[PDB]
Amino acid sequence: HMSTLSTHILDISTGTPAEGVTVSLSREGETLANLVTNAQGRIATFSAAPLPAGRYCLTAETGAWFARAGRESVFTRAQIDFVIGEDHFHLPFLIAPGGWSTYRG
C-alpha cells in the first residue's frame, strides 16, 4: 500500500507547540523533503501524492532547535525509522531537552 505523511512537534518541557523545527524525510538515504514546522508545530503533508511502499526516515532537528533558543540537549536530533506498505501516517515528536518520544497517531 501507500500512505500520506504528517507530523506535529510539541515541546513538552514548556507545554507549547514547537515552531520552526526543521524536519526531513528520506528513503534509503535519499532526501525526499526538508520542511519546517509551523506556529502550531505542524507539517500537514510531506508529499502531493501518497508515499510508495518502502523504508522511511523522518528526522527532526531538535538539538539545533533547542540550541537556537539558548538551550542544551543531550539528544542531537530525533530520527523515526518506519515502514510504509492505512491511508495516512501521523507520526508526532514529543520533545524535551532530556528525552523524546513518538507514536503512531
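Residue positions are given as counts along the sequence shown, with the first one as 1.
Missing residues between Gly85 and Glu86 in the deposited sequence, please: none, 1 to 3, 4 to 9, or 10 or more. Gap between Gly85 and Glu86: 1 to 3 unmodelled residues.
Averaged over C-alpha atoms, is the B-factor higher for 61 to 69 or for 25 to 33 in this PDB entry? Result: 25 to 33.
I need to verify one thing: averaged over C-alpha atoms only, is the B-factor higher for 7 to 15 or for 86 to 94? Per the PDB record, 86 to 94.
Highest Cα B-factor in the deposition, which of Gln79, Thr76, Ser47, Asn38? Within the set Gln79, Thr76, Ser47, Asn38, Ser47 shows the top C-alpha B-factor.
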